Each structure stands twice: as C-alpha cells, then as structure tokens.
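*Asks:* First the structure, which I've put down as structure tokens, then a few questions once you've had a look.
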Amino acid sequence: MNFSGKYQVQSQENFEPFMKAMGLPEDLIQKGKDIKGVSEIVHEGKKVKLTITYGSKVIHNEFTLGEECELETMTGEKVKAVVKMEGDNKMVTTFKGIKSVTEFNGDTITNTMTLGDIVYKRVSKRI
Ligand SMILES: CCCCCCCC/C=C\CCCCCCCC(=O)O
Ligand SMILES: CCCCCCCC/C=C\CCCCCCCC(=O)O
C-alpha cells in the first residue's frame, strides 16, 4: 500500500542535547530548526532511496531492504547499517549501537532516533 512518497518535516523534539551527544554545532541547528527540511522517498524494486534537503543542499542515499549496506556519514566516515521493514507502519533499522524505528503510513512518516536517553522524532506530512 505504502510505497514511495513526498513528505515535509514540520516539527522536531530535542535539539541541543541531541547535537551535543553527536557532534553538531548549536549554530547549525538554530538555522535548521527554523527551516522546514524536505524528505523524498523513492521506491524502486525493493531498492528505496532516501533524499533529504537542507537549505540548499541535497542529500541522496541508497539502501536495500533486508540487507546491510554501507552508508557514509556527514563527516565522510563509512559506517555499516542494516535497514529492514517490519510490515505495515513498522520498520526496524539499526546501525552501530543506535536504535532507529520508522513508522510508515499512507499519509504521514515518523522517524525515531534514540541516543544517550535522547529522543529525536521527525514529523512529516504527505505532499
Ligand atoms: C546521511 C547524512 C545525514 C546527516 C545530515 C543531517 C544533519 C543536518 C545537519 C545540518 C543541516 C543544515 C545544513 C544546511 C546548510 C546550511 C546553509 C549554509 O551553508 O549557510
Ligand atoms: C536521515 C538519513 C540518516 C539515517 C541514519 C541511519 C542510517 C540508515 C540509513 C538508511 C536506512 C534507513 C531507511 C529507513 C528510515 C526511513 C525514514 C523515513 O522514511 O523518513
């Protein structure tokens, strides 16, 4: 039912603690929080690509469902991660030591990132 779609972020919880625990400068977050990022999901034969645009930068990625693929970080470091779907509105993806759960709906897309007791949730609407 749910396969590929355009979604736009409208709100996020927690910033300062999330970035601090990672390595993102508060300067960049402030500018990004006031800007509604963009999210585009491309579904092509089990191969789903995730695209995120920030201000004037476009980020494109590729991953295979039920298969561990190597993705680069914002620092250029190569990390291994396995993304798998659980079915309807439920998908389980874990990398290194962080738990990421994304709920897939035919109208809204929510992402859950937990690191160091920090809760990061992205709310996006269908467009
Ligand atoms: C898979 C890689 C995803 C990691 C990136 C997500 C973190 C977002 C970090 C910064 C977003 C803000 C960047 C926007 C460009 C700033 C504009 C400027 O250059 O002045
Ligand atoms: C925002 C990109 C950075 C993600 C960091 C985790 C690394 C895994 C990368 C790709 C596999 C994840 C794909 C499943 C989550 C989709 C979330 C969404 O639909 O908005």
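Going by what the header records, the deposited coordinates were determined by solution NMR.
Cβ from N, Cα, C; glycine included.
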*Asks:* Just to be sure I read the record right: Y54, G55, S56 are listed as binding (9Z)-octadecenoate 1 in Swiss-Prot. Which of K31, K78, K80 is listed for the same site?
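*Replies:* Swiss-Prot names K31 for this (9Z)-octadecenoate 1 site.
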*Asks:* What's the most sparsely packed of the recorded positions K46, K57, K84, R122, counting other C-beta atoms within 10 A?
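*Replies:* It is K57 that, of the recorded positions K46, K57, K84, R122, has the fewest other Cβ atoms within 10 Å.
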*Asks:* Using the Cβ centroid of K31, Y54, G55, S56 as the reference point for the (9Z)-octadecenoate 1 site, which residues of the same chain not in that list have Cβ within 8 Å?
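*Replies:* Nearby residues not in the site list: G32, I35, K57.
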*Asks:* Please tell me which one of the recorded positions listed here (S56, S100, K121) sits closest to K31 (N6-succinyllysine), measuring Cα to Cα?
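*Replies:* Nearest in space to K31 (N6-succinyllysine), counting only the recorded positions, is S56.
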*Asks:* Compare the C-alpha of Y54 ((9Z)-octadecenoate 1 binding site) with the C-alpha of each of the modified residues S11, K46, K121, and give the closest one.
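*Replies:* When the Cα distances are compared, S11 comes out closest.
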*Asks:* Determine the Cβ neighbour count for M1 (N-acetylmethionine): the number of other Cβ atoms within 10 Å of its Cβ.
*Replies:* 7
